[PDB]
Amino acid sequence: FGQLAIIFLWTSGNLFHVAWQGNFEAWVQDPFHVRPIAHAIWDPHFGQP
Amino acid sequence: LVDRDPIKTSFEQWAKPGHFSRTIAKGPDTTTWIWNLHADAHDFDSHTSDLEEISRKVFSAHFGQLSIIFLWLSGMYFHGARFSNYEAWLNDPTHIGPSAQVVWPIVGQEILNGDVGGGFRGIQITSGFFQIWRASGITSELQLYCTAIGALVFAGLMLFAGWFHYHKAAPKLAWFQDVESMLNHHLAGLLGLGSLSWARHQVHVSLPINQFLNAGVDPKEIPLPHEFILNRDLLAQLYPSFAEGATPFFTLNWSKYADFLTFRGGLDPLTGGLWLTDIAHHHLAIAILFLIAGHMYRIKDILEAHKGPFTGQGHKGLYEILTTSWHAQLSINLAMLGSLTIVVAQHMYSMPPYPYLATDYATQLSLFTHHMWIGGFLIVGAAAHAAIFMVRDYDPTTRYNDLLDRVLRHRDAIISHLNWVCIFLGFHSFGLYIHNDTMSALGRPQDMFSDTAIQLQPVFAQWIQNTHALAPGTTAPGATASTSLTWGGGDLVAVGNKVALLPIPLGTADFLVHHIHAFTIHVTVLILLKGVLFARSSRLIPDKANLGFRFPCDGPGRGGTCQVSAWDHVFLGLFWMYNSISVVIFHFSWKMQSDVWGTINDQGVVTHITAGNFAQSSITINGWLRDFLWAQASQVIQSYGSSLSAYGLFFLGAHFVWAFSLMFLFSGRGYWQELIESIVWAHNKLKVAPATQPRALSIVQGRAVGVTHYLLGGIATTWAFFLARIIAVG
Amino acid sequence: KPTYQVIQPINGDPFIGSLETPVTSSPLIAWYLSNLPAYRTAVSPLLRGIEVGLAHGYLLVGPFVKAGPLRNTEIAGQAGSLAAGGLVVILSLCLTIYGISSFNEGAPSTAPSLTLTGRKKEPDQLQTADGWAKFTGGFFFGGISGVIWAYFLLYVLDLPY
Amino acid sequence: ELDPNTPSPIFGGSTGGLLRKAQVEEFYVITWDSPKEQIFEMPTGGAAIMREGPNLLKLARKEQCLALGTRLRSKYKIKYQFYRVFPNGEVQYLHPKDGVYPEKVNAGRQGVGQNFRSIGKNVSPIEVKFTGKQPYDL
Amino acid sequence: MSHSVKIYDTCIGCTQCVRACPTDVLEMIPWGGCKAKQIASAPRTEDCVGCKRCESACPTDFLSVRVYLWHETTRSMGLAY
Ligand code: CLA
Ligand code: CLA
Ligand code: CLA
Ligand SMILES: CC1=C(/C=C/C(C)=C/C=C/C(C)=C/C=C/C=C(C)/C=C/C=C(C)/C=C/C2=C(C)CCCC2(C)C)C(C)(C)CCC1
Ligand SMILES: CC1=C(/C=C/C(C)=C/C=C\C(C)=C\C=C\C=C(C)/C=C/C=C(C)/C=C/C2=C(C)CCCC2(C)C)C(C)(C)CCC1
Ligand SMILES: CCCCCCCCCCCCO[C@H]1O[C@H](CO)[C@@H](O[C@H]2O[C@H](CO)[C@@H](O)[C@H](O)[C@H]2O)[C@H](O)[C@H]1O
Ligand SMILES: CC1=C(C/C=C(\C)CCC[C@H](C)CCC[C@@H](C)CCCC(C)C)C(=O)c2ccccc2C1=O
Ligand code: SF4
Ligand code: SF4
């Protein structure tokens, strides 16, 4: 019951690292095999590249 | 035992069920023993308590091998004569691409055999006779067919000296266990009287018969076959009948000469072997020493002498034994023999000693990796057999209280250090590379380690290499260039298709491989050192030497109590060394082709098999499969339907055999039992099994069939990977 | 005179071992370390803390100001306290939750001395928790702090050469 | 440790033998008879000469005394003692106690052997799942 | 259990049979005859480590013996130290 429980904190965020960012309102507009997004990477190690 | 002892049977025993350890093979049947006995056919716990013979057996086994090489290589030298390639190549060298060996055409076979040649279909060869060979001057196929039977002569005879020991009524103790001479002789006149003798047949005959070959002809347009004695007009060219010197010495005048010699330094142009003429002098200047040297001496004398305060009392009578351990006087040897083989592997590629090598790329790197796996396969051994000492060999204690008894005194100590050494390395010796990935994949080169990025700045240049060629400030006199052409100072100019040999300048990205070697050489040795040291008794077991250097593992308790022993330290130490060498190989060819192996072109613009891709791109350890494994190897996986093909066609098997080892390496034992019965059941129903109790593998046999396969797997994989990226472009 | 002391392995009994030798025990080494915790406890710690904090302090500069992530800095900060001052914090408490291995808890109070101690049996603990605090409390003001007369200093500096 | 040397048994130094938690737990010294002075193998990589006695060297852990013992009866004698020391003296007194030389009778001590049932058919599984009513705790 | 690996057999005779094992086993208890009549699986076992040197020799004629206590000492470990 500590199960089901952790499956929804997964699912919630699955739907919540979507819809401030990473399209729908471009992917529905009509979605051609380019690269629709889950989430935003943020690592300090990154270069500009 | 008693079929029937002593005095009263000539009559041999074949039969009644046969032998070892006293509840001898049972009578009643088993499998394991058939695996025992090939293994541990000689150990020498058993056969006799008393050394007695065995030294009287090991001289005979030695004879067998010497013959055998001989059987070998008559074969080779055959093959080499009468499937010639050779006559054809030699007028022709630097065109030819040479075979001794041909299939017959049955079934598939013959894809294999693809035009090599002075016009014949072949399998191309990369061990060079044809280069040992250049030396014979006289030539022609039927002789080598004499040198060949001259081989089978030495054999039969250097193989009836092995009848002429053990089996024949044969020898006793003093003869080895009075040593007193033995190196006296050996090094003096064979070590000496060969190199000496070799001199005499290394200017007499060879020098002249390639002094005017290094032009062309069709041989014998040059050389008569005996031609070369009382005679000699011909020496006259290549120098004087000493004209008036006397037995060297001096009241001698040269206004223009000094005897053949005249030192070379650098490489021949139009045969870039290095001069065929320092080759007499050097061998001559050897032998003398040996000639003088093998004249010590009789012993403890020198060993019993110098002592120090840290230094060891033991040093003295550092071994009455030594004369009769054996297992120890083999272990010492292997370290040297072994460590004295892979010192070949360098002086070879950075100083060829045979005509046409370097230009011949593939026919001297095969070498530098074959000679390389022996200067390693013989070293881990050189530990095993010390472990075999450290446990057993002497009846009793009386070695006592020395130098050894010393080293052991510390032992959780010599190996206490060495350990940290390795984790210091590894962290400075591999994660070093991993930086690059994690940060060049992050991508910010500013801060990598690239030869350009983290600052040393663009010179390698001065350490030794630059002092080494640059050589004559010196008490040094000699010879226009180097001892080794590669060293930094000097020269464009070496060879006729192709580049043979050039500076190699390193920087960084020679810096850190050179360091992974350290850490790889070091953690190898940790396990063998701690292995052979903790041989007999340990903090985990005291009752530890009691059967074995082998025993499987003492038992589930103490936590683990499994690996321990020292068969197994010489089981997990092979496991490393397979890398030690396997990555040193990976080093040389990626260099030697990324830089050096070459071509010359008009105005000498060098064109390395790869324009130095190494540069910024070995440093990344993916570049090691971007630039290596995935780059080269494209010739292995393209190799089908060809001639070499047997490599691509191996490269799958043996790249299979390896990935079969893990099954033997990674698994239980009463498992394949538990299985072997389900089997044994089905077997009995039809009435088809019991007799010779079928049994699973002997804990440590299972490890024996790991390892051994993991190596002949993981190894020939590259033996294929290689011969497939030097044959054909490169 | 005696070939090396009146020739003994250890203090005396062979059996613990340690093969006491130079670099274990030479009048010359041994001495370069007793105000400091190796043998005796100089003072109740509190002070050793900062000579420890501080010395180890202005270290960890050129390590992460000359080998820093994008190195040779043009910033006011480094040369620098920066991140390193951050390390003495991680370090210094990684240090404390080890002073939960010993608590053993008291004030007795003696940095003042009675009678040549012997500690008696100092070997082993007899450091209460209320000791290991005043050390890893000296550590913070030794770490952070010892990080500034590192950068405070202009580096007058010596060039590779 | 000079002011008292009790010693009987004769190494010189080693890296080997006991390090700190012999003081903080349980101690383990072994003692013996001897004739005329002989040179010996050890536990811990090697070796020494004996003479006489107490002949009372101390070891790390019990496996080590017994381990000589095998060691000690090839090359012989009857007499070997091994005692266990604390810090703080006694309880657990190790070789002293009745007889020695296991392979004799005076008494039982010990051991049983069976638990509740004998070797035969535990094809039968474990049973009731641990409750403090039924004899599953020995 | 805290050391429970059954080596028992039926003869529990111990001549040219089995002795090997660091301390653990005093046996020679007798039980009211078995031929040789020294019996039992054990003496008190809270002393030493976990061998199976325990058979290796002299029958157990069902299970071998082995690791299994689980519940594990340090002295029973080898290492604490
Ligand atoms: C100059 C030394 C040389 C000599 C004379 C010896 C002699 C000896 N070694 Mg030894 N050894 C050596 C080098 C040498 N070793 C080296 C270099 C190593 C490191 C690998 C070892 C590692 C080693 C171990 C671990 C052992 C010995 C043992 C022994 C003793 C047992 C010999 C035996 O039964 O053959 C054994 C040979 C076989 C059973 C033949 C099987 C060979 C297989 C693995 C094939 C190899 C792969 C190859 C590619 C297959 C052929 C091709 C195929 C695919 C068609 C004997 C006294 C053993 C001992 O117990 O001491 C008393 C112990 O096993 N040696
Ligand atoms: C023609 C004769 C012959 C005969 C009938 C015998 C008979 C005997 N020899 Mg013997 N021996 C011979 C020639 C012979 N020997 C020679 C020429 C040598 C020196 C090269 C020896 C060196 C020798 C030794 C050291 C010993 C014996 C022993 C023995 C006895 C045991 C033989 C045995 O079962 O080994 C079976 C093995 C073979 C039959 C083959 C021998 C191996 C060598 C010579 C060739 C095989 C290598 C070959 C290339 C295989 C590897 C490649 C493979 C992949 C195909 C037996 C009475 C032993 C003894 O006294 O009893 C304890 C003792 O150990 N021999
Ligand atoms: C029985 C098993 C099953 C099978 C069929 C395989 C098969 C294979 N595994 Mg594999 N594997 C398995 C289970 C299996 N695995 C399991 C359970 C694991 C653990 C998870 C693995 C882990 C594993 C790894 C890590 C690897 C493999 C690899 C391989 C392949 C090697 C390439 C090859 O054989 O080319 C086929 C072509 C040939 C064999 C041509 C043969 C021609 C030659 C040999 C001559 C003819 C034969 C002749 C008798 C040989 C001369 C000997 C003579 C002296 C008698 C092969 C397909 C390796 C690979 O290549 O990529 C993954 C890799 O190393 N496996
Ligand atoms: C008495 C007399 C005499 C004697 C004679 C003789 C008998 C001699 C000899 C000579 C000799 C006796 C020589 C020898 C030589 C040797 C050598 C030269 C060696 C070799 C080898 C090899 C070649 C090998 C190689 C290798 C290696 C490297 C390792 C392993 C592999 C192989 C094997 C490849 C005289 C003359 C005075 C005369 C008078 C009489
Ligand atoms: C059906 C069947 C079968 C099967 C077959 C198969 C399937 C196979 C395979 C195989 C594989 C799949 C693999 C294998 C491999 C092998 C090998 C491989 C061998 C060998 C080797 C060698 C000879 C080597 C050499 C070397 C050296 C010198 C050292 C190192 C390097 C090298 C390795 C090169 C048969 C017919 C049999 C039988 C009947 C049934
Ligand atoms: C690969 C990256 C370059 C970095 C190293 C460059 C520094 C040295 C200059 C080039 C090195 C190659 O060395 C090469 O120089 C010339 C190419 O221009 C060639 O020059 C050669 O050809 C001509 C024929 O008479 C003449 O110009 C020269 O007398 C002769 O030596 C040579 O084949 C070789 O000696
Ligand atoms: C697979 C595997 C086995 C099972 C492997 C076995 C049983 C190999 C033995 C098979 C033999 C070689 C077959 C021999 C039968 C033929 C030689 C008989 C007929 C003769 C011919 C003419 C075919 C172990 O026994 C084992 C033991 C320890 C650790 C790991 C493992 C392990 O991984
Ligand atoms: S090992 Fe088995 S058979 Fe032997 S005495 Fe013990 S119980 Fe009896
Ligand atoms: S190894 Fe097993 S049988 Fe031997 S003493 Fe230890 S627990 Fe007992």
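Reading the values: rules and limits
Residues numbered from 1 in each chain as written, not as in the entry; some residues may be left out. Chains lettered and ligands numbered in written order. Part of a larger assembly, values for the part shown. Heavy atoms only, no water. Residues with missing side-chain atoms left out of burial classes, pairs and counts. Helix = DSSP H or I, 4+ residues; strand = E, 2+ residues; numbered from the N terminus. Rg over C-alpha atoms; globule rule 2.2 N^0.38 Å. Buried < 20%, exposed > 50% of the residue type's maximum accessible area, 1.4 Å probe, protein only. Contact = heavy atoms within 4.5 Å. Areas by Shrake-Rupley, 256 points an atom, 1.4 Å probe, with all protein chains shown as cover. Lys, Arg positive; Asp, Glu negative; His and termini not counted. Charge placed at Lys NZ, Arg CZ, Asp CG, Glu CD. Buried area = accessible area lost by both parts, 1.4 Å probe. Salt bridge = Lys/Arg side-chain N within 4 Å of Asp/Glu carboxyl O. Near = heavy atom within 4 Å. Polar contact = N/O pair within 3.5 Å; in protein donor to acceptor, adjacent residues only side chain to side chain. Nonpolar A, V, L, I, M, F, W, Y, C, P; charged D, E, K, R; others polar. Donors = N, O, S within 2.8 Å, 3.2 Å for Na, K, Ca; no water. Core = buried A, V, L, I, M, F, W, Y, C linked by side-chain atoms within 4.5 Å. Axes fitted to C-alpha atoms, helices over the stretch in contact; angles between N-to-C directions. Parallel < 35°, antiparallel > 145°, perpendicular 65-115°, else oblique. Left-handed = near helix turned anticlockwise from the far one by under 90°. Arc of directions from axis to C-beta. UniProt positions renumbered as here; feature names shortened; annotations may be inferred. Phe/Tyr/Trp six-rings, centres within 6.5 Å; stacked < 30°, edge-to-face > 60°. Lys NZ or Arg CZ within 6 Å of the ring centre and 35° of its normal.

### Some words on the overall build of chain B
When helices and strands are counted, chain B shows 27 helices and three strands. On the principal axes, the C-alpha backbone points of chain B span a range of 85 × 75 × 70 Å.

### Examining the overall build of chain D
Counting its regular elements, chain D contains one helix and four strands. Reading chain D from its N terminus to its C terminus gives the helix and strand order β-β-β-α-β. For 138 residues, the compact-globule estimate of 2.2 N^0.38 gives 14 Å, and chain D exceeds it by more than 25% at 21 Å. Over its C-alpha atoms, taken along the principal directions, chain D stretches across nearly 60 × 35 × 25 Å. Every one of the 138 residues in chain D was classed for burial, and the buried ones make up 35%. A separation threshold of at least 6 residues defines the contact pool for chain D, and within that pool the share at least 24 residues apart is 62%. About 8800 Å² of surface is accessible on chain D, with carbon and sulfur atoms providing 57% of the total. Once the 20 positive and 14 negative side-chain charges of chain D are each reduced to a mean point, those two points are 6 Å apart.

### Some thoughts on the interface of chain D and chain E
Between chain D and chain E, the residue contacts involve 30 residues of the former and 24 residues of the latter. In this assembly, chain D packs against chain E so that about 2400 Å² is buried in total across both faces, 57% of it on carbon and sulfur atoms. By the criterion of area lost to chain E, the three top residues of chain D are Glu103, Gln110 and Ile119 of chain D, representing 24% of everything that side buries. Here chain D and chain E share two salt bridges between them.

### Considerations on the site of ligand 6
The environment of ligand 6 is made up of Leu492, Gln603 and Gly604 of chain B. In isolation ligand 6 has 770 Å² of accessible area, and contact with the protein removes 26% of it.

### Looking at the site of ligand 1
All names here are of chain B. For ligand 1, the set of nearby residues contains 16 residues, the closest of which are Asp40, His42, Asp43, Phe377 and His385. Note that an oxygen atom of ligand 1 is positioned 3.3 Å from one of the backbone N or O atoms of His38. One of the backbone N or O atoms of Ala41 is found 3.2 Å from an oxygen atom in ligand 1. Class assignment of the residues belonging to the shell around ligand 1 gives a composition of eight nonpolar, six polar and two charged.

### A closer look at the coordination of the magnesium atom of ligand 1
Ideal geometry at a metal centre: 109.5 degrees between donors when four sit tetrahedrally, and 90 or 180 degrees when six sit octahedrally. Counting protein donors to the magnesium atom of ligand 1 gives just one, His385 of chain B (NE2), placed at 2.8 Å. If you trace the backbone, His385 of chain B turns up in helix α16 (residues 381-391).

### Some remarks on the nonpolar core
Membership of the largest hydrophobic core comes to 78 residues, with the highest contact counts inside it found for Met372 and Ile726 of chain B. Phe11, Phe40, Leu68 and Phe82 of chain D belong to the second largest nonpolar core, which has 14 residues in total.

### With respect to the packing of helix α3 (residues 82-94) of chain C against helix α4 (residues 129-146) of chain C
Residues and elements named next belong to chain C. The interhelical angle for the contact between α3 and α4, taken along N-to-C directions, is 160 degrees, at an axis separation of 8 Å. On the basis of their axis angle, the class for α3 and α4 is roughly antiparallel. In terms of crossing hand, the pair formed by α3 and α4 is right-handed. Two secondary-structure elements touch here, α3 through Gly85, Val88, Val89, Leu91 and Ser92 and α4 through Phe139, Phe140, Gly143 and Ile144. Residues that form the contact of α3 with α4 fall into these classes: six nonpolar, three polar and no charged.

### With respect to helix α3 (residues 71-80) of chain B
Residues and elements named next belong to chain B. Where α3 is concerned, the buried positions are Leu73, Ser74, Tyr77 and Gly80. Down the axis of α3, the buried side of the element spans an arc of 125 degrees, and every buried residue falls inside it. On the buried face of α3, the contacting elements are α2 (54-69), α4 (86-91), β1 (99-101), α5 (141-144) and α6 (147-153).

### A short note on the pattern of salt bridges
Residue and element names in this part refer to chain B. This structure, assessed with the given rule, holds 15 salt bridges over all chains. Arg4 is paired through a salt bridge with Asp3; the nearest N and O atoms lie 2.5 Å apart. Under the relative-accessibility criterion, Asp3 is labelled buried at 17%. Between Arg121 and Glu110 there is a salt bridge, with its nearest N and O atoms 3.8 Å apart. Separated by eleven residues along the polypeptide, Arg121 in the loop between β1 and β2 (123-124) and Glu110 in the loop between β1 and β2 bring together distant segments of the chain. Exposure remark for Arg121: the relative accessible area of 46% places this residue in the partly exposed category. Salt bridges linked by common partners bring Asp43, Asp45 and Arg392 together as one network.

### Quick word on the interface of chain B and chain C
At the interface, seven residues of chain B touch five residues of chain C. Summing both partners gives a buried area of about 510 Å² for chain B against chain C, and 56% of it is carried by carbon and sulfur. The largest per-residue losses of area from chain B upon contact with chain C belong to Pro309, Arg444 and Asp447 of chain B, which jointly make up 61% of the total buried on that side. Inspection of the region where chain B meets chain C yields zero salt bridges. Across the contact surface, chain B and chain C share one residue pair in polar contact. When the residues that make up the side of chain B that touches chain C are grouped by side-chain class, the tally is two nonpolar, two polar and three charged.

### Here we look at the packing of helix α13 (residues 328-339) of chain B against α16 of chain B
Residues and elements named next belong to chain B. The interhelical angle for the contact between α13 and α16, taken along N-to-C directions, is 160 degrees, at an axis separation of 7 Å. When the axis of α13 is compared with that of α16, the two are roughly antiparallel. The two elements α13 and α16 meet at a crossing, and its hand is left-handed. Where α13 abuts α16, its residues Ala328, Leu330, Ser331, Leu334 and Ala335 lie against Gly381, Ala382, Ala383, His385, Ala386 and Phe389. Considered class by class, the residues forming the contact of α13 with α16 number eight nonpolar, three polar and no charged.

### Considering the UniProt feature "binding site: [4Fe-4S] cluster" in chain B
Residues and elements named next belong to chain B. Mapped onto this structure's residue numbering, the UniProt feature "binding site: [4Fe-4S] cluster" falls at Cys553 and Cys562. If you trace the backbone, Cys553 turns up in the loop between α21 (513-533) and α22 (572-594). On the basis of relative accessible area, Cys553 is assigned to the partly exposed category, the value being 22%. Apart from the residues within four sequence positions on either side, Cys553 is in contact with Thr561, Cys562, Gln563 and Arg703. Within the fold, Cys562 resides in the loop between α21 and α22. Apart from the residues lying within four places of it in its own chain, the contact partners of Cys562 are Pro552 and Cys553.

### Some details on the arrangement of the chains
The interface with the highest contact count, out of six pairs of chains in contact, is the one between chains D and E. Where chain A comes nearest to chain E, the C-alpha atoms are still 30 Å apart, and the two do not contact one another. Regarding chain C and chain E, the two do not touch, and the least distance separating their C-alpha atoms is 13 Å.

### Some points on the environment of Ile50 of chain C
Residues and elements named next belong to chain C. Note that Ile50 resides in helix α2 (residues 48-55). Put simply, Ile50 and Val147 are 97 residues apart on the chain and 12 Å apart in space, counted from C-alpha to C-alpha. In contact with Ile50, not counting residues within four places along its chain, are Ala55, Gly138, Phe141 and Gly142.

### Observations concerning unusual backbone geometry
Within the chain, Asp40 of chain B stands out as a residue other than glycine whose phi angle is a positive 50 degrees. Its location among the elements puts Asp40 of chain B in the loop between α1 (32-35) and α2. Overall, the relative accessible area of 41% leaves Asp40 of chain B in the partly exposed class. Its identity as a non-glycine residue notwithstanding, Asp124 of chain C has a phi of 75 degrees, on the positive side. As for its position among the elements, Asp124 of chain C is in the loop between α3 and α4.

### Details of the packing of aromatic side chains
Across all of its chains, the model carries 49 aromatic pairs over all chains by this definition. Where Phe130 of chain B meets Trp133 of chain B, the ring centres are 5.6 Å apart and the plane angle is 50 degrees; that geometry is what we call tilted. Here the aromatic residues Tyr77, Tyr86, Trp89, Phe129, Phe130, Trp133 and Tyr356 of chain B are joined through ring pairs into a cluster of three or more. Over the aromatic face of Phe534 of chain B sits the side chain of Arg411 of chain B, whose NZ or CZ is 4.3 Å from the ring centroid. Geometry around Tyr28 of chain D places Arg61 of chain D over its ring, the cationic atom sitting 5.6 Å from the centre.

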